[PDB]
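Next up: just one chain, as structure tokens, the form deposited in one PDB entry.
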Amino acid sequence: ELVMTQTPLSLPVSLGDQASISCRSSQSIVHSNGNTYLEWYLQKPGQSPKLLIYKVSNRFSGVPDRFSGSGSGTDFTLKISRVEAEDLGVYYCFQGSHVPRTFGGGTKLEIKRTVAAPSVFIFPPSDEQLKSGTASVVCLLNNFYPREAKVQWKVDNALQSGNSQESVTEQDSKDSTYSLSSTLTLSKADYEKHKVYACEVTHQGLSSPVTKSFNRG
């Protein structure tokens, strides 16, 4: 029955600013006898969800005071005054008055910081992996910002496509930057067939596209 809808789904806040989030229920969540059990949980990258506010404004243990719960009946809001690197992750609201229990859609939170260009590295296929019969070339765009970043492979100045896939890490709780890995996959054969392997990275933080390459195969 009950439907918990959070908003926004995403939220870009500047280190130090104030953040606000809403959780609207389908019906009053005032547990008949007593009060209203509306909680706020927060999940940080690679961790488990953790309690923040229980009843509605009730702040759990070691939780800073920057967090404050509020609202009643069908409108609740979680506010974080003076946001920072650590508060990164997804926030969720939970209704614990009516069964079945309900979980909010989930509001993500990314931290905006000054522009940082990616540092590029390029690794040729291991010898051990070549014995196998396949070669994996890996390009690394390390600690950059914003998230957007292009990567193109060129085997002998020839552009490539549909033979490589990427993977981006989640914003770092430290410097709030991203990292990306690209892997060019080719058969041991075709790899022997060429000479120059290059990785060309494009980013807002770069004034002129940077390139990393190597001559072997």
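Residue numbers run from 1 along the displayed sequence. Rigid core here is just the name for the largest C-alpha set that superposes within 1.5 Å across the two forms.
- Stretches 185-193 and 41-49 differ in mean CA B factor, with 185-193 having the higher one.
- Taking only CA atoms, the mean B-factor in the PDB entry is higher for 87-95 than for the other of 87-95 and 135-143.
- Highest CA B-factor among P118, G105, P125, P100, as stated in the entry: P100.
- For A158, the recorded CA B-factor ranks within the middle third of the chain. Only modelled residues enter the ranking.
- Compared with the other modelled residues of the chain, the Cα B-factor recorded for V201 ranks in the lowest third.
- Compared with the other modelled residues of the chain, the Cα B-factor recorded for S68 ranks in the middle third.
- Among all modelled residues in its chain, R113 ranks in the lowest third by Cα B-factor.
- Sort the chain's modelled residues by C-alpha temperature factor and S176 lands in the middle third, per the entry.
Another form exists, deposited in another entry; not displayed. Remarks below refer to it.
- With a cut-off of 2 Å and the rigid core superposed, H31 has a Cα displacement that reaches or exceeds the cut-off between this form and the one not shown.
- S68 shows a C-alpha shift below 2 Å between this form and the one not shown [criterion: core-superposed Cα displacement of 2 Å].
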